[PDB]
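Protein chains in written order, with PDB author numbering: chain W, 20 to 179; chain P, 20 to 179; chain C, 20 to 179; chain S, 20 to 179; chain E, 20 to 179; chain X, 20 to 179; chain A, 20 to 179; chain V, 20 to 179.
Beta carbons: idealized from backbone N, C-alpha and C, even for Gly.
Structure, as structure tokens:
Number of protein chains: 8
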Amino acid sequence: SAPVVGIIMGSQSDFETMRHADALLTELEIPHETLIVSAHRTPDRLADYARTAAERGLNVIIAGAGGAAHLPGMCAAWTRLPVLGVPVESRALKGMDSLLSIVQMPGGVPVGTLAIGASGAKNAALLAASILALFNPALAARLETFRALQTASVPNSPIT
Amino acid sequence: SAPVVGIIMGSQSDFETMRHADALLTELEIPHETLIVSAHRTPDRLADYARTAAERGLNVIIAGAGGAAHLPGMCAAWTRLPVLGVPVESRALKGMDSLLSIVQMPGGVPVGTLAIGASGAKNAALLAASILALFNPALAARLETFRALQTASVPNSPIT
Amino acid sequence: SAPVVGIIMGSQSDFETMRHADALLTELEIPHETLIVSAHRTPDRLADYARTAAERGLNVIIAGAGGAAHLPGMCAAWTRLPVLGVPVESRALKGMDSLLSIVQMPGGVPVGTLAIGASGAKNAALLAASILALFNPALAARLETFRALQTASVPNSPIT
Amino acid sequence: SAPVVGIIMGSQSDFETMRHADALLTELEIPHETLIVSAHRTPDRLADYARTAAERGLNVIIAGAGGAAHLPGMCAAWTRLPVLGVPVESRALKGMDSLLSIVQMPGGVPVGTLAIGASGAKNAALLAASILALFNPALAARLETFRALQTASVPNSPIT
Amino acid sequence: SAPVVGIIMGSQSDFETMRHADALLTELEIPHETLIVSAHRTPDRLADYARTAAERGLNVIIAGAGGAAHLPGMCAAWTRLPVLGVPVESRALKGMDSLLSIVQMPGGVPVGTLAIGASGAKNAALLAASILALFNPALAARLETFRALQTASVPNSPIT
Amino acid sequence: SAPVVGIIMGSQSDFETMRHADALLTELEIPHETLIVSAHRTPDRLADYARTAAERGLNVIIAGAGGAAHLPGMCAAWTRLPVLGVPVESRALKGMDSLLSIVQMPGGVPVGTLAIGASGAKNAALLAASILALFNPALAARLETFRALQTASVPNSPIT
Amino acid sequence: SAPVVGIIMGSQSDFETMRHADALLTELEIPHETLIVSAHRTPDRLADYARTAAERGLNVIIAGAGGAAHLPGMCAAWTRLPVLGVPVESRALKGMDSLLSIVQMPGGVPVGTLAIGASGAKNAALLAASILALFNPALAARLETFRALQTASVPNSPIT
Amino acid sequence: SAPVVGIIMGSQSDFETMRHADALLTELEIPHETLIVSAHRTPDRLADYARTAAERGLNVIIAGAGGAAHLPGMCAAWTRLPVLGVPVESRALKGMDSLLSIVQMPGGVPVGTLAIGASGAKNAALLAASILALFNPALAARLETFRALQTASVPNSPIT
């Protein structure tokens, strides 16, 4: 089935984080593509990817980047689609640079930013699902089931 | 027209920031409601608002809060709808507390987080518009026009 | 004996930290309950827990959470009891997000916040003990003994 | 009436913040004393104040300090009473120094820490009230009324 | 004379900072152009500007941006010329976001980063001058004179 | 020989850091004492230590502490001697809490603060030596020799 | 009288801070010189000042700088005298850059660092006084009087 | 061949980072020298190195330092050449002290600052290459080839 979410990242090393988005989309049966696009080393690849995303049938882009993390914001500059950004944990600053580089977009070009690291990647997929669910009833039901199970599965007391 | 976006905030003082979301939705002719809901002072109001949002026909919630900013995350805990979070600038820590309290959601319950302050409020409304545009062609064309004008209006040189 | 302190946390992983509160209450012979309550995944469980705590005979709630740490503040929103908050150390930001999310409560709904990590959990239990001691003379004597022994047990010189 | 809460601060300039604690205790009719005690300039005054607090009939101490904020922690070192700490906003670091100096107490000697600034001072008084309410039924009813009014008074919509 | 340095910035508001670079280049008689190029609002303008800079005869680009500051890094992605980056002071985070977004470039695509604000803009122009001086003897002598005067003009004692 | 520097710390665990001060004083033949004094668990021991230091013949106190690091500042509150403070690296915040708790003393009561960790402990000893050298010519010569050797011993090129 | 303390700073704008050191030394009748020495603009002036300080009869140097604050550390590199460092509050980062640039000296070359801003300047002068007092009995008595008055003058209650 | 870039660092331990600059210059066939120069332990070596660099035929200096990182800024104080600064990751503060100490140079004396750690060292070499390429066509072609290969070598999809 044709992809409706694009997951992009600058490097193979980012996939240790972004794989969590990939897995969650698959769990919710959301067709998607998962690609490497580097803002700094392949800027024309990024421009083409972002400019053509909507016409290719993508509805949401999930972009992960670390350090001076420009991939989500520059993707948003070229597409009218919602772009969700995942800050990848960086070695020295532990993703604080990633986070500020992604979330602090000036007024006019949004990036919906999730938590640093694997939690954020999982949540970017879930946020993409909640967006798609607004106009896909079958997915909405699967997401409802997912949320209800998550709630029902929380234990009542810890183990010593 | 029945609202499809809810803008909520904890206090009247937050409206100095959140009015920028309200104004943008009005500019794009997106029916919305703008309300005060305090996570800490009116937790049952929040629970009811979030639980019933989807059945009332809301599609996106934009929530702003400052300091120990819990409103967006608690809203997301009770609704399956996408929740967008705006960190309001706090007096002492200039919204760094707001930002971390909103963006660092654990895996399972997302909040798409925007920039600290007015830029974030504007961008939360634009992000909501881009979500709604996925299944509202007239709005999608208005959003295209908004982005095109924003791009075309940037001057080429600064004024002294 | 019926519990007078409730220790709550969002996950099993938090218990590595919160076990230190549990142990200290037991050492001072303070009856308590230790439970998992997730602000984000079980918000109705939290509402019920907090709203009924006083009528169940609890006097103090100790709540631990990490990241976007909303459990202590939302517990405080629903109960009139004193709520003590323990920031759990987070992977990337080392509990700075936990701390700011808990301590920066706006005026009107307090959370007494302790240090990041195990020290904070131990101290939340000791602070709960000092509160209970105000109207329990036997406990006051046990706490006095504990403090005096702590002071008397400090060595006079380090070992090389 | 004999004081049951002591509010202490290092300097006159701290009173701009700590007056909010004083006012709240007065509103709830909690007898208290409001004093200047400097950890750095009057350390023997502090030692005497803290050592004798319980025998004088105080039940809770609220201590405010800024910068290298040692007053709450040193007070706690000398009293078995609960000590609540208010970080005063500092000029350069906006209370981040105050906050870390107060909240990061090692295990064994607690300080329940509130938010930076006026919100923290108000909440320290409310937290003291919630402690006293555990064994003062008339006060407990006044605190219930305070919280109920706070909740009921939140507007439903913002004003322009 | 044809420009050999390009000064670019995302918005008119950035010129309050970047005018200090413009003024310094004028003082040293370095032909330059001063332009608005927004990474987020005019990404194709940026791509064209950077791609063609060298063929137009530019030797150094000075780029200023604030918040999620992507302009310098994206410029560097498209040109082989040295790119110098000036973090513009942001309202909430005082340029800490600007700084991390610019300086933390991954290996392979450099941005030489200067201080936050006006000092950085002045120094970006001086750094550009020192680069050009390596192959322009007349300029090298003017830069020597500038540095010598700066050194000689420092007073020996402060004024009351 | 009677001690002229006192090295104090709150716990045995601090000695992993403070041992570097101890060793440097011994290398420069400065008689000293090395003790455990806890600001929070032995506050009367601290008061007595600091109040009597000068009459016992101490000239400089080196105090190490971590977290909410109050030992150096409270020592300074009671003694007229110069007090040097060493921030001990803390687990979560890596000594940023230690540093701010020590260095940000309000006007009136100084602590000369050194770097976080072992470097700071070594430098506190060297700073104490430079103070003592002002009125001990033999020590001044030993310190001169130490500094000259340090300078002469720096290699000219690194090894691959 | 010949100066025994040198107060140096990089620029006239630093004097707004460093004048508090000057005033304190004058109050205690400690002969001193107050000079501008810029590490970055007058590095040879600095090298000469520091190299010759001891032979001129200076005993302590107090150095203030902001931003990338190198003056105290470079002074310490060239003199065997104790160097005390005052971080001047910077516009954007409020002296956090100043503080880290001064306090984080590697082992071997100390700078005793005081608080950011005016408090630090006052305390640098007081710390210099406490050093000189170790071998100047008349000054030691004046410093005792200063500390005693500071302690005795603290009010017991705040004014409204 | 005579060196045209000087790579300097304060210690052997810094070479684990600065070796990445050394390797990149060799890859691009840029003759260079790699030396240890300590700002704090060999300040006269630094003064001589920096003051004579241009007359020795150096065109660019790359300087690495950590902690209170003064080497790049003091090198820039004495040379008219462009100085590029590499913040070396520090143990406690993970290079945040290094970064602020290097990048926050006041107006008048620039240091072009690169990222914390190995990325920054690689990029300082690449930035030096882009500077030299402005007046060395053979190097410009090698740099073009390097950049084009970097772009062409980015994979299109990650591996699971």
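Bounding residues of the beta strand (DSSP E) (the contiguous stretch that carries residue i)
i                     : result
residue 82 of chain W : 79-85
Terminal residues of the alpha helix (DSSP H) in which residue i lies
i                      : result
residue 122 of chain V : 115-122
residue 150 of chain P : 137-151
residue 168 of chain S : 156-171
residue 62 of chain S  : 62-75
residue 112 of chain E : Here residue 112 of chain E belongs to no alpha helix (DSSP H), and DSSP marks it neither H nor E.
residue 92 of chain X  : 90-97
Residue-level contact to chain E via CB, residue i, 8 Å cutoff
i                      : result
residue 28 of chain V  : no
residue 18 of chain V  : The structure shown does not extend to residue 18 of chain V, since chain V is modelled only from 20 through 179, so no value can be given for it.
residue 82 of chain W  : no
residue 72 of chain W  : no
residue 138 of chain V : yes
Chain P within 8 Å of residue i, Cβ atoms only
i                      : result
residue 108 of chain S : yes
residue 86 of chain E  : yes
residue 180 of chain S : One cannot answer for residue 180 of chain S here, as it falls past the ends of chain S, which runs 20 to 179.
Cutoff 8 Å: residue i Cβ touching any chain A Cβ
i                     : result
residue 92 of chain V : yes
residue 89 of chain V : yes
Beta carbon proximity, residue i to chain C, threshold 8 Å
i                     : result
residue 75 of chain X : no
residue 22 of chain W : no
Residue i - partner residues in DSSP beta bridges
i                      : result
residue 52 of chain W  : W/25
residue 105 of chain E : E/83
residue 45 of chain X  : Per DSSP, none; premise fails for residue 45 of chain X.
residue 132 of chain X : X/104, A/132
Closer than 8 Å to chain X by CB, residue i
i                      : result
residue 142 of chain C : no
residue 134 of chain S : no
Residue-level contact to chain W via CB, residue i, 8 Å cutoff
i                      : result
residue 105 of chain E : no
residue 32 of chain P  : no
Min CB distance residue i to chain S below 8 Å
i                      : result
residue 99 of chain C  : yes
residue 129 of chain A : no
residue 42 of chain X  : no
8 Å Cβ cutoff, residue i in contact with chain V
i                      : result
residue 173 of chain A : no
residue 36 of chain X  : no
* To do: Pull out every residue of the segment 45-69 of chain A whose Cβ sits closer than 9 Å to any Cβ of chain E, in chain order.
  => From the segment 45-69 of chain A, only 52, 53, 54, 55, 56, 57, 60, 61, 62, 63, 64 have a Cβ closer than 9 Å to chain E.
Margin query: Please identify, using Cβ separations under 8 Å, the residues of the segment 112-126 of chain W that lie next to chain E, in order along the chain.
Written below: Within the segment 112-126 of chain W, the residues whose Cβ lies closer than 8 Å to some Cβ of chain E are 112, 115, 116, 119, 120, 121, 122, 123, 124, 125, listed in chain order.
- Item | chain C contacts made by the segment 153-169 of chain X, where a contact means CB separation under 9 Å | none
Using 8 Å as the threshold, is the segment 125-140 of chain C in touch with the segment 166-179 of chain C, meaning 3 or more CB pairs across them?
no
- Query: Just checking, does the segment 58-68 of chain X make contact with the segment 89-100 of chain X on the three C-beta pairs under 8 Å criterion?
  - Reply: yes
Is there contact here, the segment 100-119 of chain V with the segment 144-161 of chain E, by at least three beta-carbon pairs under 8 Å? yes
Under 8 Å: do the segment 112-132 of chain A and the segment 20-27 of chain V share three or more Cβ pairs, one atom per stretch? Between the segment 112-132 of chain A and the segment 20-27 of chain V, the count of C-beta pairs closer than 8 Å stays below three; the two stretches do not touch.
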